[PDB]
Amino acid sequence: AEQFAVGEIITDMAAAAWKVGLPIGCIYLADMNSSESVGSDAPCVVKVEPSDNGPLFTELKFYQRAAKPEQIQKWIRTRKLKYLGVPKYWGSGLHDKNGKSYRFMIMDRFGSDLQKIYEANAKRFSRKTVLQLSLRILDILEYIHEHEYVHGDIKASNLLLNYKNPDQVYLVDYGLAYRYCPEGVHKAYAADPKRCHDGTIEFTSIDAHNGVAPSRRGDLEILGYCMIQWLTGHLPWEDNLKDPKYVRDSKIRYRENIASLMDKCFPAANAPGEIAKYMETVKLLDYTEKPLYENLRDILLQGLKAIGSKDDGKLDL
């Protein structure tokens, strides 16, 4: 069912006016209201779903709580970042059509996802690329964690490049994001009956596989599996993804013996040292424990030193 009449003007709850464009979930190009049509280079998108859609409500709440343009900018200034890969929230509202109620949200428009680019590079990213991606993902994770949320589903298809700057990567898709710490009260080590989702099976955390709610260590664990996938094209459990108990068993055993994971994934060869160190540091975290993000970033910075490079913000894609 069509949710918009192309080129109509929609007004958000803050009375800001936007125009709807072509598709690019149900996502359309959007821009500020003007005499012009919305073009292919539009700086925004409008996400629209029925008002009873759970994920868009969850996502909207995340964006309203943590992604206000001046909230992000303040954090950038105070932590001295070049940028922060949390997309900006521009507004939202309610839209009725054909007697059905819809929710809509306006957010930044992006370029390509990383999964497309990974597959065009024969399912490899270079070590330089992986370290630079991971540093920026750590900035993002620290931010969202400090604002009471975990993502639980970090992967290359949820990483998008700035439309005007291909060295800036953004983490998208908060429809299934979890408020692990509402009002500073950490959730208990247990399943949340309100949350069904377990992340993406090849990348998800051991906590998720055990059926408990995702926490901060889980996000960092997910990023660890992504790094291996990106560097090598593979994960050990990739042929058993229809069998969750196998995937969990494998992740548990490999966490208990990280050297065996390194031998498995970097076979007959030295493993890049930063990856084992990253994983050893994450392994030390308890469920409720606050990560030492700077130490994790130091581990990756040492990997850049090791290859004759530095954090110059260049993703080399």
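One rule holds for the numbers: they count along the sequence shown, beginning at 1.
The segment from residue 24 to residue 25 is interrupted, since 4 to 9 residues of the deposited sequence in that interval carry no coordinates.
183-191 and 90-98 differ in mean CA B-factor, and the higher of the two is recorded for 183-191. Remark: stretch with higher mean C-alpha B factor among 7-15 and 293-301 is 293-301. When the C-alpha B-factors of 217, 234, 82, 147 are ranked from the entry, the top spot goes to 82. Highest CA B-factor among 121, 204, 210, 158, as stated in the entry: 121. In the PDB entry, residue 64 places in the lowest third of its chain by CA B-factor. In the PDB entry, residue 166 places in the highest third of its chain by CA B-factor. Ranked within its chain, residue 260 lands in the middle third, by CA B factor from the PDB record. Sort the chain's modelled residues by C-alpha temperature factor and residue 198 lands in the highest third, per the entry.
Per-chain ranking of the deposited C-alpha B factor places residue 29 in the middle third.
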